[PDB]
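Before any comments, here is the structure.
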Amino acid sequence: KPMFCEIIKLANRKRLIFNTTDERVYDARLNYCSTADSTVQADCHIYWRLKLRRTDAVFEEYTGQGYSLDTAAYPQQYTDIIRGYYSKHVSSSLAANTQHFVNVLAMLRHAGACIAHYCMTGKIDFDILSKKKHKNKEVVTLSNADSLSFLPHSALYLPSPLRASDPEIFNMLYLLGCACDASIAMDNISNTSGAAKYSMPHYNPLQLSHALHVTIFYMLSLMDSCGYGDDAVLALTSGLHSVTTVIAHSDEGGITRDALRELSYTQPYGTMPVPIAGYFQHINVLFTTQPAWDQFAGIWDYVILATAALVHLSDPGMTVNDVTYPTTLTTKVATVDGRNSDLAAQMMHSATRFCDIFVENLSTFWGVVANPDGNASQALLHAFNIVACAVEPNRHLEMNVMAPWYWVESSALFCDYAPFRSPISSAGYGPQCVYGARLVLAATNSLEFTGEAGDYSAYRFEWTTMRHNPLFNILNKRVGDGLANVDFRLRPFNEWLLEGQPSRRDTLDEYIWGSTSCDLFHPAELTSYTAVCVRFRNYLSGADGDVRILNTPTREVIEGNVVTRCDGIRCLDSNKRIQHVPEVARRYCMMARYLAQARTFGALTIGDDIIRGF
Amino acid sequence: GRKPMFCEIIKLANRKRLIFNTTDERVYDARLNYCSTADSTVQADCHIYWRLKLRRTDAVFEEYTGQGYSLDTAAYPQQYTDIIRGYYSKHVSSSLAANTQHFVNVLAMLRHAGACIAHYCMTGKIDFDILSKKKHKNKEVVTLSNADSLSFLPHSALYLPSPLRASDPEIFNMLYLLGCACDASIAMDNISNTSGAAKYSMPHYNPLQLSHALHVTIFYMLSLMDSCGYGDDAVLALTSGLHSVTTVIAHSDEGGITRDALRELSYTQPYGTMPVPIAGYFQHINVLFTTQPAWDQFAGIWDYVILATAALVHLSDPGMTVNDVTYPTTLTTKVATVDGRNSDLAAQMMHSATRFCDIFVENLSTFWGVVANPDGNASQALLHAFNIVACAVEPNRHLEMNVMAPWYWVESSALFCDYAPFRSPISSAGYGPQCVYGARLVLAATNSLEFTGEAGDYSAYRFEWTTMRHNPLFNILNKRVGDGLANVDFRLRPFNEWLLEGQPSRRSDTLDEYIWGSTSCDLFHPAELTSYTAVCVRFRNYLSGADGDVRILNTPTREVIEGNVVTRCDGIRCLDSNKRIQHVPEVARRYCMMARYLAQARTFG
């Protein structure tokens, strides 16, 4: 539960977002310094754009057709206490020795939605918490109902002891169940200007939001007591991302954003017992009543971003030649109306594993214990299926080659990444810098020196991925020349996958993409399954009146490790340089042909024969 | 009876519009999620629609003839006959025979009351005018005192004692209204609250508690008749009224024969004595709604019961055993249908409707909590209603057939929290419901098959083949338009013969060519595209173009065809009718080779 830490908690935001044309950015500046020479360093600013999905994104119709959880049985103590709440009424004494099931996923997702809406626009009322349908919600009352009536397994029954112990969670549960319209039933409503109209005291936005927080955690505890925690947890994050567009860094990634938005749930039910001491309530993030909007927005914006970044660390490893690359998709069939049905099929065949890994990391991110049946993975895989087969012009799929499992850069966003089960971090493609620590990592791939001609030194890189070696972003964010002195020795055989700028087609800064957000190299951008020879241009032209030297690093730095470190996280407004989208090559390339030929015929078809001419 | 099946499954879906005419219709949408236990990639979402329409704008105000079924042998049991003593004067009540008879016939009242219920569920209007068929205005009522003068009437009369009016005034008022609707002499103890007036005046109600009282009287009368043992017959009358005012438009051109049966099922004038109800007869309905519920929750519960009644017919019908393997009932006739009437098909339908009505009223009474009558009295009534449907000289849409599959009214595959109560052979055969509402059902992926081998670009399997519904994997593919159900084809068939083929236009070779339009229900008809002999199917797993590349396709792999399917239910919404829902499948219903195979089939009886 404390698995989320206080990183964006401390950044101080002040802007309230009113439209979708505006956004806030969480700038995190990073110092890249090689352990060998402390003067080859650079300042690279990751950004994290957060904007409003729509002006009225929280008011989207519930519909009610979604993943329907069942068999979420309460543990023992809750069965006893719910038996107690039932036996009070003769109309409930019937269901006395029956096992009671809860399913608040719908209210949980709407809670996440409106809490993100609050973190962005700052305003909440009962309309925003009840889809502005609270005005005429008729509550069936357990006392006024006939004796022929009987409390169904599918009625949201809010016991009176719940309002006795804490009326804030009571009113919040009522408002959310009104939003995710459900048969809410109380022990008795106080007939007052309405037979079933439930009037509640007007809250100042701050107490309202605090009640919303504490009731979100109440429901999380409730679902977690059933083992179905990631069952009522994932839904919360889906709600979160249903309102705040977390602009992705790469056009390929961020398909999981639409996957989450496509996810819905069936109408809530079950009874709401008073919280039993603290199973999950013992961890209380904020305690001051009506806490200021700034710190609240801090906690929940960091939760938004940590979830959104957990994908990059929850990515399955695509094995090529016993080497692990970040799972990247590839198809030959042309795009028709902005979709590749085969790209969607491969996205599903990867999500088959990506989703259980992602839910494992999410469970360990909220501390909710995992369960064997993995229902959450089923729900998310179904959401992916829905976003795949949708017959609509869908960006994020205009491409023939795409990297799906990377939505927002997950580096410098966690006090540590120790608990996360992510196989892409055992390979080199995980975080670049842990927050609050100095991280030493390899600055280039397995490298070998291969000659030094006039004002050039060539190195064979045993190249794997641009990100895998970070020295190049030091050279790019160097105050001097940004990689204009480093270039390739391209041959027939070294083919580029997701290469930087197709519109140009030898200096390397052309083969990068110039992501003006998240300076850090996107995993699987300059991939290649072969080695690559790369020249560093040390000197200017010889035989002239001058032979000038440059800051181009020496063979120690190129071969020696680099350390990385994060320097706080400012909150900034909408600049212009950050919106610039990179023009990455996303067309069926000869490198895609190896992947197709390995899938169709066999993996033994791309071994050592990719390299042509030693 | 104890507990009737009333899951607030349809109650949860919130209805927006009220229906005032027959041009529009309310569509209940239910999504079903299908996925293989082999791999969760091959999934699909099937949208079962149930379309409800108002039969006619004034489908309740229909001329009451008072003719037809007349139950004249429902007398109270002991407890009720003793409670009846106490409506006479003490002097008479003390010295009355202990074995007296009090014959009850409330059936016409329950039919009109069901009609009023469903009319309220469609239009949302209910009042004394509706409930009395414009008769409560000037209904003169005999005012005998102390039900000693009850034998003083020159005929049997519907008597409403004063203890009933004192116990539950709304039940008494509603019974007055109903007995006024269908011609029925009423007898009350005090004619008018103001002594001197010959007409009993109404404590005018609000429509909300008006409909609440209608509900409570339906249950009262059901309990009353059930105390006699003729409960199944009472509930049959109730559902007759229900489907007599609303039309649940079917999932097949044929289906709705049972609709026409329930239409023509009428009852004679009611009579009897209405005691104060026994306190704990119906323990509880599974749902609970408050006194004066909004039209919303009422429409919810009663639309659920309309659709559940409609579902029971498919849920229960005798599966015909061909070569001792059971199929959904399908009736074939060589004679050509004339001017919209197929006589031989009518006679066949009757012969099978015998067993159908037996099992159907058994299951209906199971669904209402009332024990089925030990003798099949009600079933015989429904069978006679069928008979009047069959030999009607008028044209009929549902019998324009030459090969029909009778008993399939609406899909019963998502409206029941449990099916174990019902006894149905079709469920045991597997053509029953596929996904219990609120339970992940693991059913067999297809028919029992064997892998006969694979060729270059295809892979064959020998289905021991019964019916498309018994092959639940193919609607997963059916939903997937991107190379899903166009890779399955029958160009490996020796003779391409199917009863109920589907798309007969393009005959006069992929599986998508031999399927129904099926736009209103993505799940498969129980007698969809059946064959009694094993058939072999080949899948187009790859695609090797003429140039040389070999594109792999999304056709399910072998362990998908041989590993089970899991099905769960999703939300049930409601919405408005669009053009795409109304699309009616053109289906092949003509005497074929398989037809004359079935005419000579085993059919062990």
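Chains: A, B, ... in order of the structure tokens. Residues: from 1 per chain. Ligands: from 1, in order shown.
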Fill in: Proximal residues of chain A relative to chain B (only C-alpha atoms; 8 Å) as a PyMOL selection string
chain A and resi 63-68+70+138+140-142+144-152+154+182-183+265-267+341+345+348-349+352+378+381-382+385+389+600
Please dump the current selection as an mmCIF file, in the first residue's frame; keep C-alpha atoms.
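Output (again-v7.cif):
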data_model
loop_
_atom_site.group_PDB
_atom_site.id
_atom_site.type_symbol
_atom_site.label_atom_id
_atom_site.label_comp_id
_atom_site.auth_asym_id
_atom_site.auth_seq_id
_atom_site.Cartn_x
_atom_site.Cartn_y
_atom_site.Cartn_z
ATOM 1 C CA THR A 63 -24.491 2.512 -20.143
ATOM 2 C CA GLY A 64 -23.813 -0.369 -17.741
ATOM 3 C CA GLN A 65 -22.555 -2.946 -20.249
ATOM 4 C CA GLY A 66 -19.130 -3.986 -19.045
ATOM 5 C CA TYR A 67 -17.060 -6.572 -17.258
ATOM 6 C CA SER A 68 -19.271 -8.248 -14.652
ATOM 7 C CA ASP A 70 -18.942 -12.203 -9.497
ATOM 8 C CA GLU A 138 -35.503 7.247 -5.914
ATOM 9 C CA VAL A 140 -36.084 1.955 -2.167
ATOM 10 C CA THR A 141 -36.366 1.785 1.601
ATOM 11 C CA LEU A 142 -36.127 -1.469 3.486
ATOM 12 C CA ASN A 144 -41.351 0.980 3.672
ATOM 13 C CA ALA A 145 -41.181 -1.989 1.304
ATOM 14 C CA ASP A 146 -43.840 -4.678 1.457
ATOM 15 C CA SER A 147 -43.404 -7.963 3.300
ATOM 16 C CA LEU A 148 -43.616 -9.846 0.003
ATOM 17 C CA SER A 149 -40.420 -8.012 -0.953
ATOM 18 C CA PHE A 150 -36.962 -9.412 -0.306
ATOM 19 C CA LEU A 151 -33.470 -7.936 -0.399
ATOM 20 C CA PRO A 152 -31.920 -9.140 -3.663
ATOM 21 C CA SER A 154 -28.045 -7.324 -6.484
ATOM 22 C CA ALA A 182 -28.026 1.061 -8.947
ATOM 23 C CA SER A 183 -30.800 -0.174 -6.674
ATOM 24 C CA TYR A 265 -18.395 -2.250 -15.568
ATOM 25 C CA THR A 266 -21.799 -3.622 -14.646
ATOM 26 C CA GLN A 267 -24.060 -1.941 -12.162
ATOM 27 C CA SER A 341 -6.388 -5.526 -38.338
ATOM 28 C CA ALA A 345 -4.238 -9.068 -33.779
ATOM 29 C CA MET A 348 -3.821 -8.845 -28.671
ATOM 30 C CA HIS A 349 -1.324 -11.696 -28.876
ATOM 31 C CA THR A 352 -2.160 -11.818 -23.606
ATOM 32 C CA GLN A 378 -9.340 -10.968 -18.170
ATOM 33 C CA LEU A 381 -7.656 -8.191 -22.136
ATOM 34 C CA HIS A 382 -11.321 -7.829 -23.031
ATOM 35 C CA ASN A 385 -10.118 -6.731 -27.623
ATOM 36 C CA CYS A 389 -12.049 -4.676 -33.187
ATOM 37 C CA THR A 600 5.395 -17.622 -40.094
#
Worksheet item: Near residue 315 of chain B, counting only C-alpha atoms, which residues have an atom at most 12 Å away, once you skip same-chain residues fewer than 3 positions from it, shown as a VMD selection string?
Response: chain B and resid 307 to 312 318 to 319 328 356 359 to 364 367 407 to 416 419 to 434 526
Fill in: Within 8 Å of segment 7-19 of chain A using only C-alpha atoms, minus same-chain residues under 5 positions, as a list in words
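Answer for this query is residues 24, 51, 52, 54, 55, 120, 121, 122, 294, 295, 298, 299, 301, 302, 413, 414, 415, 435, 568, 569, 570, 571, 572 and 573 of chain A.
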Please, which residues of segment 270-416 of chain A, numbered as in this document, come out helix (DSSP H, G or I) from DSSP, as an mmCIF file with N, CA, C and O atoms, in the first residue's frame?
data_model
loop_
_atom_site.group_PDB
_atom_site.id
_atom_site.type_symbol
_atom_site.label_atom_id
_atom_site.label_comp_id
_atom_site.auth_asym_id
_atom_site.auth_seq_id
_atom_site.Cartn_x
_atom_site.Cartn_y
_atom_site.Cartn_z
ATOM 1 N N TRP A 293 -6.536 21.749 -1.953
ATOM 2 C CA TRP A 293 -6.614 21.133 -3.272
ATOM 3 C C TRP A 293 -5.236 20.828 -3.836
ATOM 4 O O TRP A 293 -5.090 19.903 -4.640
ATOM 5 N N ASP A 294 -4.220 21.590 -3.441
ATOM 6 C CA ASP A 294 -2.898 21.409 -4.029
ATOM 7 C C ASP A 294 -2.313 20.055 -3.661
ATOM 8 O O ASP A 294 -1.884 19.299 -4.535
ATOM 9 N N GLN A 295 -2.272 19.733 -2.372
ATOM 10 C CA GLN A 295 -1.666 18.473 -1.957
ATOM 11 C C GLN A 295 -2.489 17.278 -2.418
ATOM 12 O O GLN A 295 -1.933 16.223 -2.750
ATOM 13 N N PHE A 296 -3.805 17.439 -2.478
ATOM 14 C CA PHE A 296 -4.670 16.378 -2.970
ATOM 15 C C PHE A 296 -4.413 16.119 -4.448
ATOM 16 O O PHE A 296 -4.209 14.970 -4.871
ATOM 17 N N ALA A 297 -4.429 17.185 -5.249
ATOM 18 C CA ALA A 297 -4.065 17.074 -6.651
ATOM 19 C C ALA A 297 -2.684 16.482 -6.817
ATOM 20 O O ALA A 297 -2.447 15.736 -7.763
ATOM 21 N N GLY A 298 -1.773 16.777 -5.905
ATOM 22 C CA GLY A 298 -0.458 16.182 -5.959
ATOM 23 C C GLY A 298 -0.509 14.679 -5.838
ATOM 24 O O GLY A 298 0.008 13.960 -6.700
ATOM 25 N N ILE A 299 -1.130 14.195 -4.762
ATOM 26 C CA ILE A 299 -1.197 12.753 -4.544
ATOM 27 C C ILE A 299 -1.825 12.066 -5.745
ATOM 28 O O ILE A 299 -1.302 11.066 -6.257
ATOM 29 N N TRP A 300 -2.924 12.615 -6.251
ATOM 30 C CA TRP A 300 -3.644 11.856 -7.264
ATOM 31 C C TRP A 300 -3.062 12.044 -8.657
ATOM 32 O O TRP A 300 -3.160 11.133 -9.483
ATOM 33 N N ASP A 301 -2.405 13.169 -8.934
ATOM 34 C CA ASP A 301 -1.667 13.283 -10.182
ATOM 35 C C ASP A 301 -0.475 12.342 -10.196
ATOM 36 O O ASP A 301 -0.178 11.724 -11.225
ATOM 37 N N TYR A 302 0.221 12.203 -9.067
ATOM 38 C CA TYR A 302 1.293 11.219 -9.035
ATOM 39 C C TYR A 302 0.753 9.815 -9.214
ATOM 40 O O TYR A 302 1.402 8.977 -9.843
ATOM 41 N N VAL A 303 -0.427 9.527 -8.668
ATOM 42 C CA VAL A 303 -0.986 8.197 -8.880
ATOM 43 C C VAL A 303 -1.325 7.994 -10.351
ATOM 44 O O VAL A 303 -1.042 6.937 -10.926
ATOM 45 N N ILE A 304 -1.920 9.008 -10.983
ATOM 46 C CA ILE A 304 -2.179 8.958 -12.421
ATOM 47 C C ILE A 304 -0.905 8.615 -13.178
ATOM 48 O O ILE A 304 -0.876 7.697 -14.005
ATOM 49 N N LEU A 305 0.174 9.342 -12.890
ATOM 50 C CA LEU A 305 1.385 9.185 -13.686
ATOM 51 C C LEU A 305 2.088 7.876 -13.379
ATOM 52 O O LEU A 305 2.673 7.263 -14.272
ATOM 53 N N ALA A 306 2.048 7.428 -12.129
ATOM 54 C CA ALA A 306 2.656 6.149 -11.799
ATOM 55 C C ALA A 306 1.931 5.010 -12.491
ATOM 56 O O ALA A 306 2.569 4.109 -13.042
ATOM 57 N N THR A 307 0.598 5.031 -12.485
ATOM 58 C CA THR A 307 -0.131 4.033 -13.256
ATOM 59 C C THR A 307 0.247 4.112 -14.723
ATOM 60 O O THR A 307 0.622 3.108 -15.335
ATOM 61 N N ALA A 308 0.181 5.312 -15.298
ATOM 62 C CA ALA A 308 0.453 5.456 -16.720
ATOM 63 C C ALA A 308 1.861 5.013 -17.072
ATOM 64 O O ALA A 308 2.104 4.569 -18.195
ATOM 65 N N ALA A 309 2.797 5.130 -16.144
ATOM 66 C CA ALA A 309 4.172 4.746 -16.398
ATOM 67 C C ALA A 309 4.442 3.293 -16.078
ATOM 68 O O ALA A 309 5.476 2.763 -16.492
ATOM 69 N N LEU A 310 3.546 2.642 -15.348
ATOM 70 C CA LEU A 310 3.751 1.242 -15.026
ATOM 71 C C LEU A 310 3.733 0.353 -16.262
ATOM 72 O O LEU A 310 4.271 -0.758 -16.218
ATOM 73 N N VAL A 311 3.125 0.810 -17.357
ATOM 74 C CA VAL A 311 3.134 0.033 -18.593
ATOM 75 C C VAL A 311 4.557 -0.148 -19.102
ATOM 76 O O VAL A 311 4.980 -1.264 -19.424
ATOM 77 N N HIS A 312 5.321 0.945 -19.178
ATOM 78 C CA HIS A 312 6.687 0.875 -19.682
ATOM 79 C C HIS A 312 7.513 -0.123 -18.891
ATOM 80 O O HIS A 312 8.364 -0.813 -19.458
ATOM 81 N N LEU A 313 7.177 -0.292 -17.610
ATOM 82 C CA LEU A 313 7.891 -1.280 -16.760
ATOM 83 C C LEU A 313 7.094 -2.592 -16.719
ATOM 84 O O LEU A 313 7.658 -3.608 -16.267
ATOM 85 N N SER A 341 -5.782 -4.416 -39.057
ATOM 86 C CA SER A 341 -6.388 -5.526 -38.338
ATOM 87 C C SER A 341 -5.341 -6.521 -37.874
ATOM 88 O O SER A 341 -5.482 -7.120 -36.801
ATOM 89 N N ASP A 342 -4.266 -6.682 -38.639
ATOM 90 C CA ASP A 342 -3.230 -7.614 -38.227
ATOM 91 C C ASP A 342 -2.375 -7.015 -37.124
ATOM 92 O O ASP A 342 -1.921 -7.732 -36.225
ATOM 93 N N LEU A 343 -2.141 -5.704 -37.176
ATOM 94 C CA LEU A 343 -1.481 -5.044 -36.059
ATOM 95 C C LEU A 343 -2.301 -5.189 -34.789
ATOM 96 O O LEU A 343 -1.750 -5.439 -33.714
ATOM 97 N N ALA A 344 -3.621 -5.057 -34.894
ATOM 98 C CA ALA A 344 -4.471 -5.274 -33.730
ATOM 99 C C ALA A 344 -4.386 -6.715 -33.246
ATOM 100 O O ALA A 344 -4.360 -6.972 -32.037
ATOM 101 N N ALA A 345 -4.341 -7.668 -34.173
ATOM 102 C CA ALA A 345 -4.238 -9.068 -33.779
ATOM 103 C C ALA A 345 -2.950 -9.321 -33.010
ATOM 104 O O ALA A 345 -2.949 -9.991 -31.971
ATOM 105 N N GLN A 346 -1.835 -8.800 -33.514
ATOM 106 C CA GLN A 346 -0.578 -8.959 -32.796
ATOM 107 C C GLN A 346 -0.587 -8.200 -31.479
ATOM 108 O O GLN A 346 0.019 -8.650 -30.500
ATOM 109 N N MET A 347 -1.281 -7.064 -31.421
ATOM 110 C CA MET A 347 -1.392 -6.349 -30.159
ATOM 111 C C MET A 347 -2.114 -7.195 -29.133
ATOM 112 O O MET A 347 -1.750 -7.205 -27.956
ATOM 113 N N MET A 348 -3.130 -7.929 -29.568
ATOM 114 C CA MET A 348 -3.821 -8.845 -28.671
ATOM 115 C C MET A 348 -2.912 -9.993 -28.253
ATOM 116 O O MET A 348 -2.867 -10.370 -27.076
ATOM 117 N N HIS A 349 -2.190 -10.574 -29.209
ATOM 118 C CA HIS A 349 -1.324 -11.696 -28.876
ATOM 119 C C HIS A 349 -0.179 -11.294 -27.963
ATOM 120 O O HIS A 349 0.384 -12.156 -27.284
ATOM 121 N N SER A 350 0.180 -10.015 -27.930
ATOM 122 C CA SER A 350 1.136 -9.535 -26.941
ATOM 123 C C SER A 350 0.458 -9.171 -25.631
ATOM 124 O O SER A 350 1.000 -9.431 -24.551
ATOM 125 N N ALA A 351 -0.719 -8.557 -25.705
ATOM 126 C CA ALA A 351 -1.433 -8.193 -24.494
ATOM 127 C C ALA A 351 -1.776 -9.419 -23.676
ATOM 128 O O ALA A 351 -1.914 -9.321 -22.457
ATOM 129 N N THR A 352 -1.887 -10.577 -24.325
ATOM 130 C CA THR A 352 -2.160 -11.818 -23.606
ATOM 131 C C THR A 352 -1.234 -11.989 -22.411
ATOM 132 O O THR A 352 -1.636 -12.523 -21.373
ATOM 133 N N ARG A 353 0.012 -11.549 -22.541
ATOM 134 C CA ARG A 353 0.983 -11.565 -21.457
ATOM 135 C C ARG A 353 1.177 -10.198 -20.823
ATOM 136 O O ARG A 353 1.382 -10.095 -19.602
ATOM 137 N N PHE A 354 1.138 -9.146 -21.640
ATOM 138 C CA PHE A 354 1.293 -7.800 -21.112
ATOM 139 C C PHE A 354 0.279 -7.496 -20.031
ATOM 140 O O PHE A 354 0.586 -6.769 -19.089
ATOM 141 N N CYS A 355 -0.920 -8.058 -20.126
ATOM 142 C CA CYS A 355 -1.969 -7.664 -19.206
ATOM 143 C C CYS A 355 -1.777 -8.313 -17.848
ATOM 144 O O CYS A 355 -1.967 -7.657 -16.821
ATOM 145 N N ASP A 356 -1.378 -9.584 -17.803
ATOM 146 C CA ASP A 356 -1.127 -10.165 -16.493
ATOM 147 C C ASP A 356 0.126 -9.571 -15.868
ATOM 148 O O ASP A 356 0.163 -9.361 -14.651
ATOM 149 N N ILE A 357 1.134 -9.227 -16.674
ATOM 150 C CA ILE A 357 2.290 -8.550 -16.089
ATOM 151 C C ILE A 357 1.891 -7.180 -15.554
ATOM 152 O O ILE A 357 2.280 -6.790 -14.445
ATOM 153 N N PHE A 358 1.103 -6.434 -16.328
ATOM 154 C CA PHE A 358 0.672 -5.107 -15.917
ATOM 155 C C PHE A 358 -0.148 -5.166 -14.645
ATOM 156 O O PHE A 358 0.019 -4.329 -13.757
ATOM 157 N N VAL A 359 -1.056 -6.134 -14.541
ATOM 158 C CA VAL A 359 -1.867 -6.196 -13.337
ATOM 159 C C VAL A 359 -1.040 -6.676 -12.160
ATOM 160 O O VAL A 359 -1.306 -6.292 -11.021
ATOM 161 N N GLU A 360 -0.013 -7.493 -12.397
ATOM 162 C CA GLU A 360 0.884 -7.843 -11.303
ATOM 163 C C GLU A 360 1.591 -6.607 -10.774
ATOM 164 O O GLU A 360 1.665 -6.388 -9.557
ATOM 165 N N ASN A 361 2.079 -5.763 -11.681
ATOM 166 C CA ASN A 361 2.756 -4.551 -11.241
ATOM 167 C C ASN A 361 1.784 -3.577 -10.595
ATOM 168 O O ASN A 361 2.141 -2.889 -9.642
ATOM 169 N N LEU A 362 0.546 -3.514 -11.079
ATOM 170 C CA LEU A 362 -0.432 -2.630 -10.455
ATOM 171 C C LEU A 362 -0.802 -3.099 -9.056
ATOM 172 O O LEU A 362 -0.889 -2.290 -8.126
ATOM 173 N N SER A 363 -1.037 -4.399 -8.890
ATOM 174 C CA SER A 363 -1.285 -4.947 -7.566
ATOM 175 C C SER A 363 -0.144 -4.602 -6.627
ATOM 176 O O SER A 363 -0.365 -4.109 -5.517
ATOM 177 N N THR A 364 1.091 -4.852 -7.056
ATOM 178 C CA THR A 364 2.215 -4.504 -6.201
ATOM 179 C C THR A 364 2.434 -3.003 -6.104
ATOM 180 O O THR A 364 3.233 -2.570 -5.273
ATOM 181 N N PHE A 365 1.774 -2.210 -6.943
ATOM 182 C CA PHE A 365 1.858 -0.762 -6.829
ATOM 183 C C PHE A 365 0.885 -0.203 -5.805
ATOM 184 O O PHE A 365 1.200 0.785 -5.137
ATOM 185 N N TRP A 366 -0.296 -0.790 -5.683
ATOM 186 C CA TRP A 366 -1.232 -0.394 -4.645
ATOM 187 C C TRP A 366 -1.160 -1.289 -3.423
ATOM 188 O O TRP A 366 -1.873 -1.042 -2.449
ATOM 189 N N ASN A 375 -8.817 -12.349 -12.608
ATOM 190 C CA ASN A 375 -9.966 -11.798 -13.314
ATOM 191 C C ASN A 375 -9.634 -10.445 -13.920
ATOM 192 O O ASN A 375 -10.079 -10.129 -15.029
ATOM 193 N N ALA A 376 -8.869 -9.632 -13.196
ATOM 194 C CA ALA A 376 -8.495 -8.313 -13.688
ATOM 195 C C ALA A 376 -7.828 -8.402 -15.051
ATOM 196 O O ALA A 376 -8.128 -7.615 -15.959
ATOM 197 N N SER A 377 -6.875 -9.322 -15.194
ATOM 198 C CA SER A 377 -6.246 -9.539 -16.490
ATOM 199 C C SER A 377 -7.279 -9.857 -17.555
ATOM 200 O O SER A 377 -7.182 -9.373 -18.685
ATOM 201 N N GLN A 378 -8.284 -10.664 -17.212
ATOM 202 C CA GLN A 378 -9.340 -10.968 -18.170
ATOM 203 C C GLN A 378 -10.059 -9.699 -18.599
ATOM 204 O O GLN A 378 -10.294 -9.478 -19.790
ATOM 205 N N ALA A 379 -10.426 -8.859 -17.633
ATOM 206 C CA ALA A 379 -11.160 -7.643 -17.963
ATOM 207 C C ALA A 379 -10.334 -6.727 -18.848
ATOM 208 O O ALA A 379 -10.844 -6.157 -19.820
ATOM 209 N N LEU A 380 -9.049 -6.585 -18.542
ATOM 210 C CA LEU A 380 -8.223 -5.686 -19.338
ATOM 211 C C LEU A 380 -7.984 -6.253 -20.729
ATOM 212 O O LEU A 380 -7.946 -5.507 -21.713
ATOM 213 N N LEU A 381 -7.820 -7.571 -20.831
ATOM 214 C CA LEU A 381 -7.656 -8.191 -22.136
ATOM 215 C C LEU A 381 -8.911 -8.018 -22.971
ATOM 216 O O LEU A 381 -8.837 -7.793 -24.182
ATOM 217 N N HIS A 382 -10.074 -8.096 -22.332
ATOM 218 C CA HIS A 382 -11.321 -7.829 -23.031
ATOM 219 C C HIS A 382 -11.392 -6.385 -23.498
ATOM 220 O O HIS A 382 -11.877 -6.103 -24.598
ATOM 221 N N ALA A 383 -10.916 -5.455 -22.672
ATOM 222 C CA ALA A 383 -10.894 -4.057 -23.086
ATOM 223 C C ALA A 383 -9.991 -3.858 -24.294
ATOM 224 O O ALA A 383 -10.329 -3.113 -25.221
ATOM 225 N N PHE A 384 -8.832 -4.510 -24.293
ATOM 226 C CA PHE A 384 -7.967 -4.462 -25.464
ATOM 227 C C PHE A 384 -8.676 -5.029 -26.685
ATOM 228 O O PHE A 384 -8.595 -4.464 -27.778
ATOM 229 N N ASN A 385 -9.361 -6.159 -26.519
ATOM 230 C CA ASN A 385 -10.118 -6.731 -27.623
ATOM 231 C C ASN A 385 -11.130 -5.738 -28.169
ATOM 232 O O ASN A 385 -11.320 -5.635 -29.385
ATOM 233 N N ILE A 386 -11.778 -4.987 -27.281
ATOM 234 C CA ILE A 386 -12.781 -4.024 -27.720
ATOM 235 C C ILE A 386 -12.132 -2.878 -28.479
ATOM 236 O O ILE A 386 -12.639 -2.437 -29.516
ATOM 237 N N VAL A 387 -10.999 -2.376 -27.984
ATOM 238 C CA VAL A 387 -10.317 -1.290 -28.679
ATOM 239 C C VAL A 387 -9.648 -1.759 -29.960
ATOM 240 O O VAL A 387 -9.290 -0.932 -30.805
ATOM 241 N N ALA A 388 -9.490 -3.068 -30.135
ATOM 242 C CA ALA A 388 -8.895 -3.597 -31.355
ATOM 243 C C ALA A 388 -9.930 -3.720 -32.463
ATOM 244 O O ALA A 388 -9.721 -3.230 -33.576
ATOM 245 N N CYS A 389 -11.053 -4.369 -32.174
ATOM 246 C CA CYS A 389 -12.049 -4.676 -33.187
ATOM 247 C C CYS A 389 -12.983 -3.511 -33.479
ATOM 248 O O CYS A 389 -13.927 -3.680 -34.254
#
Worksheet entry | Contact residues around segment 507-512 of chain B with only C-alpha atoms at 7 Å, ignoring same-chain residues under 5 positions, as a ChimeraX atom specification | /B:485-491
Worksheet entry | Members of segment 276-405 of chain A assigned strand (DSSP E or B) by DSSP, as a list in words | residues 317, 318, 319, 320, 323, 324, 325, 326, 329, 330, 401 and 402 of chain A
Item to complete: Determine the nearest neighbour of residue 143 of chain A from the options A:103, A:324, A:193, A:92, counting only C-alpha atoms.
Response: A:92
Fill in: Spatial neighbours of segment 158-169 of chain A, 10 Å, only C-alpha atoms, chain gap at least 4 places, as a ChimeraX atom specification
/A:82,85-86,142,173-175,184-189,207-208,210-219,269-275
